[PDB]
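Asker: The structure under discussion is supplied below as structure tokens; questions concerning it will follow.
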Amino acid sequence: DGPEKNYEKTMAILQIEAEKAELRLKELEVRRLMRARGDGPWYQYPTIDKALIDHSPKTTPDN
Amino acid sequence: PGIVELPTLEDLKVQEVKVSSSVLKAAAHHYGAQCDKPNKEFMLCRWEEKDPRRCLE
């Protein structure tokens, strides 16, 4: 076929690879960033739910 | 990291009942219903205010 096919097709190949390349570099940075700060959706290590708290009055006022 | 604020001993010199345990127990039923209003006020303070120093009065 014409060289136009290979030229345009390879341009798409470069476009796809570039976006993939920069995303991985972003992914390693974000993964490092949100692991440390922790204010992110994932890496949210488990805690204890506040629902399991007995708010009923106890037998001792000092509670 | 602060002051554990404690009331002075002046306000603690309140008249205390001087009766043996059996005296309280014998008249306990005839004491609870007839002095409920201040008793409930104090113990409401104990559970609500949650601090001993608040319910001194």
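Where a number appears in this text, it was derived from the coordinates with a stated rule and is not lab data. Counting neighbours? That spans all protein chains shown, and the Cβs are built from the backbone with ideal geometry, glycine included.
Asker: Could you calculate the contour length gain from A:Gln44 to A:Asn6, that is, 0.36 nm times the residue separation minus the distance between their Cα atoms, to one decimal place in nm?
Answerer: Numbers: separation 38, 0.36 × 38 = 13.68 nm, distance 4.67 nm.
Between A:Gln44 and A:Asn6, full extension yields 9.0 nm more.
Asker: Quick one: check the C-alpha center-to-center distance for the range B:1-19 versus chain A, whole angstrom.
Answerer: Centre-to-centre distance over Cα atoms comes out at 58 Å.
Asker: Net charge near B:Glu49: determine it from the other residues with C-beta under 12 Å of the C-beta of B:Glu49, scoring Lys and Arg +1 and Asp and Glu -1. Could you put the intermediate results ahead of the total?
Answerer: Numbers: positive: B:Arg46, B:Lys50, B:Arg53, B:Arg54; negative: A:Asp62, B:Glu41, B:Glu48, B:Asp51, B:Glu57.
Result for the local shell: -1.
Asker: With unit charges on the beta carbon (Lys/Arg positive, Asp/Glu negative), name the residue among A:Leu23, A:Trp42, A:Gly2 whose Cα is farthest towards the positive pole of the charge dipole of chain A.
Answerer: A:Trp42
Asker: I would also like to ask the following. What number results when the radius of gyration of chain A, computed over Cα atoms, is divided by 2.2 N^0.38 Å?
Answerer: On the way: Rg = 26.8 Å, N = 63, 2.2 N^0.38 = 10.6 Å.
Its radius of gyration relative to the 2.2 N^0.38 Å reference: 2.52.
Asker: Next question, about the same structure. How far apart, in nanometres, would the label points at B:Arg53 and B:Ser20 be if each is projected 7 angstrom from Cα along the Cα-to-Cβ direction?
Answerer: Simple spin-label model gives 3.9 nm for this pair.
Asker: Also, quick follow-up: Starting from the Cα coordinates of the protein assembly as shown, work out the convex hull volume and express it per residue in Å³.
Answerer: Once divided by residue count, the hull of the protein assembly as shown is 246 Å³.
Asker: Now a separate question. I want to check the label-to-label distance for A:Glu22 and B:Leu12. Put each point 7 Å from Cα in the C-beta direction and report it in nm to one decimal.
Answerer: So the two model labels end up 7.3 nm from each other.
Asker: Most fluctuating residue of A:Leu14, A:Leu23, A:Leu52 in a GNM of chain A with Cα springs under 10 Å: which is it?
Answerer: Most flexible of the set in this elastic network: A:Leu52.
Asker: Continuing with this model, one more query. What residue among B:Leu24, B:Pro7, B:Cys45 has its Cα farthest toward the positive end of the dipole of chain B, where the charges are +1 on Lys, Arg and -1 on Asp, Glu, each on the Cβ?
Answerer: Towards the positive end, the residue furthest out is B:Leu24.
Asker: Report the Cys residues of the protein assembly as shown lacking a disulfide-compatible partner, meaning no second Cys Cβ under 4.7 Å from their Cβ.
Answerer: Among the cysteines of the protein assembly as shown, those whose Cβ sits 4.7 Å or more from every other are B:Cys35.
Asker: At q = 0.23 Å⁻¹, what is the base-10 log of I(q)/I(0) for chain B according to the Debye formula with one equal point scatterer per Cα and no solvent? Please give it to two decimals.
Answerer: Ignoring solvent entirely, the Cα scatterers give -1.09.
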